[PDB]
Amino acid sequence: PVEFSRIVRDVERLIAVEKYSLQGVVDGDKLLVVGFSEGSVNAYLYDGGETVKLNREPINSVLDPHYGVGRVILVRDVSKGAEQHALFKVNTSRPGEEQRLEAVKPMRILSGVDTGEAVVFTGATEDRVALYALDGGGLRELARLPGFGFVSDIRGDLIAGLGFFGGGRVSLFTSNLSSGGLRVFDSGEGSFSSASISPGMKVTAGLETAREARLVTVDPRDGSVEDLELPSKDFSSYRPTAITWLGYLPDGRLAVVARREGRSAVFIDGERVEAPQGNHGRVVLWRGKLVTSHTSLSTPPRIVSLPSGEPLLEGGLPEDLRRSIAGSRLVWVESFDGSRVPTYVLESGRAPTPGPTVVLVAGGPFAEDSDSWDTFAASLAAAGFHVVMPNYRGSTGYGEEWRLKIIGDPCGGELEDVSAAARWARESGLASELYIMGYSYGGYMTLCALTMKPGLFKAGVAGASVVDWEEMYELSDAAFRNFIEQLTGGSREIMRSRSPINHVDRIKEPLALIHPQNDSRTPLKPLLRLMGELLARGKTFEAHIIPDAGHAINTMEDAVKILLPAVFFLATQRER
């Protein structure tokens, strides 16, 4: 067959491998890392080499610590997957002892920074997206935001952040920790992707324009925007198309992680710092060393020091799993309007060529398939599927223009891009048969593909999918309502005609639906209706609804429950 237990062995070990992200430096000279480890997402202190777990129960994230703070603020879903987060203070000297910050009622916590004195975060409720501050004086709403907004940085009383305030464009906003308020700075030529407040109290920001990315400095007093000149020209000669992150280190140096073609580079004051190939996260100064996270299509996220590339914290892949990843490459696929779609390809060592191939669209929109570890891809390659990961228009990493092409056109141009990648897989000799697997917006895309292009794929997996923009809209909080509005151009007609529930008649291929029951992003309710329509029309479908879980998986149990049936489904369709 289908060797069920081998698939589970592989899949469970791919989930289990330790994955780390770098969050900052606390209690002077310890690293704060968030890790998938011991079967869950935990927060750890590292001093090189005890690793001390800070939380009891699994968490969802931590707020960004300012350097050397004596505490950590854990963000934990207290609603079984619906992402109503509560905040939990852990004093770094007493790990495992948590104190719920009761002043803040549960809400979808978006981002946040802890200064040591005050906790500043963005959060969404049913009625609003807001910027909040929690200090000794209690909880304050500093400003109501138009849409999704994220805190990037705080310096003194200045708060800087990124707002998604319209048309899919990203604005810079500032507020004040004392008085509050909101100053919004839009750019005419692109979107801001990252921000940090310089010692001079200006905001240095990554600006992503039509094709290129550059650094600018915004004076929040008068809104003047000037190009930031760096003492070294490595950065400008790199020609970056996206900025992952930037930050002023404690010693005043500007650290920038920028990318092109799905791989990043680290720059300090414009000077290129040697880094392992792949993608990098924030950069911290730690014991006079530059530390970052590093990942690639074959390297689970790990903490490395620069420029040596020396691992501080890494999970190692078993060798049999390493061998299953034959290799990766970037190809440029010609789409329907002559656009080239940057597609990452992961060749399985366990499949022939041509071989069964899954087009994997996970996450999105405004996500990117880069040279970064993907558990879905690895687990498909381990199961003997080649993987094609298309950066369809609406993806990030290739400029503002490519990313904005999706706005007002869900299940339009981007679906053509995904189809073009499928076609490329066959025509180039990669794929003997095509499947599509998607999660989130990708799950939405699976349903659009099967409804709009029947015959292209042999079978599809839709995880945590959008099936109806309209009912979803009705069920969404203020952040997601606004995001749907932006995505659809505020057009209720687009909401309707681009909803695959309205084109179920067209489905010819077998489909597996996987949905966490408490998903508050892509709710289950509409999915039940789709299943009724599939049943009434005699369609072949498989469905799996996962209990006490939502869009954000933070345990191995849930991860296995979401991922295993997807792989079993494909493995089984492969034998037919």
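Note that residue numbering begins at 1 and tracks the sequence as displayed.
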Would you tell me which stretch averages the higher CA B-factor in the PDB entry, 441-449 or 92-100?
92-100
Could you check which stretch, 225-233 or 340-348, carries the larger mean CA temperature factor in the entry?
225-233
Between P510, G35, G532, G550, which carries the biggest CA temperature factor in the record?
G35
In this PDB entry, which of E416, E83, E310, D468 has the top CA B-factor?
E310
How does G39 rank on Cα B-factor within its chain, lowest, middle or highest third?
highest
Of the three thirds of Cα B-factor ranks in this chain, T115 occupies the middle
Taking the entry's C-alpha B-factors for this chain, is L177 in the lowest, middle or highest third?
highest
Going by what the PDB entry lists, where does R521 fall on CA B-factor within its chain: lowest, middle or highest third?
lowest
Against its chain's modelled residues, does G538's Cα B factor rank lowest, middle or highest third?
lowest
